[PDB]
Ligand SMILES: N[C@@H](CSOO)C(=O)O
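Before any questions on how it binds or moves, here is one chain, the form solved without the ligand, in structure tokens.
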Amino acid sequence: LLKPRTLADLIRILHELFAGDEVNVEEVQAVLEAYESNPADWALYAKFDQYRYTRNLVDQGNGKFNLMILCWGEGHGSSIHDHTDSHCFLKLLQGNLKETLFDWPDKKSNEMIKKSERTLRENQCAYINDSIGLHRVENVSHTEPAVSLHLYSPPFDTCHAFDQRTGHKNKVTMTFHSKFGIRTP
């Protein structure tokens, strides 16, 4: 377990950690957090959109994980979502994001109430899965875009969004804005 000097070193260390069948969550998280964000490494991937956050595939981890870069303009946020029974790691490359944690609702139609909120700041790494709960991620800054590195294992194409007033959920299909530095409409 060595320090990733560059995003390309990190990706090679991640391939080594996902060699087996099972995941060492704490080791993944330590090494993601040890990579010092350098914009020259991931410039190619930071493709923003005026209206919402963009998802930009970086590496597909020999089928074991998706590594992607999320770009969040001012005020861009996600909905309340689960992660499809996968692991989710989230490292901040630039700016800050607010994360809000929710519990799985009851089949009762009811407002969903926050368990907790917190700020994720530059270079920190957060971890979530469905057994911890639901969450919402947002760039609440009026001035500064945010960029995060995201790692999901196993990969998933879809997830569920939750309406905060009802807890009712809807299945959603992930879109890539770009793959490997190349935009894809």
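Residue numbers here begin at 1 and follow the sequence given.
Same protein, other form: the form deposited with the ligand bound, not shown, and the subject of what follows.
**Student:** Which residue, 88, 93, 112, 71, has a heavy atom that falls within 4.5 Å of the ligand in the entry with it bound?
**Tutor:** Filtering the options by heavy-atom distance leaves 88.
**Student:** Out of 137, 67, 31, 146, which one falls within 4.5 Å of the ligand in the entry with it bound, going by heavy atoms?
**Tutor:** The option sitting close enough to the partner is 137.
**Student:** Quick one: does residue 23 come within 4.5 Å of the ligand in the entry with it bound, counting heavy atoms only?
**Tutor:** No - in the entry with it bound, heavy atoms of residue 23 and the ligand never come within 4.5 Å of each other.
**Student:** With a cut-off of 4.5 Å between heavy atoms, is residue 174 one of the residues that contacts the ligand in the entry with it bound?
**Tutor:** Residue 174: yes, in contact with the ligand in the entry with it bound.
**Student:** Going by a heavy atom distance of 4.5 Å, is residue 47 a contact of the ligand in the entry with it bound?
**Tutor:** The answer is no: residue 47 has no heavy atom within 4.5 Å of the ligand.
**Student:** Taking the ligand as it sits in the entry with it bound, is residue 53 near enough to touch it, meaning that at least one heavy atom pair lies within 4.5 angstroms?
**Tutor:** So residue 53 counts as contacting the ligand.
**Student:** Could you run down 147 to 167 and flag each residue that has a heavy atom within 4.5 Å of the ligand in the entry with it bound?
**Tutor:** Stretch hits, in order: 150, 152.
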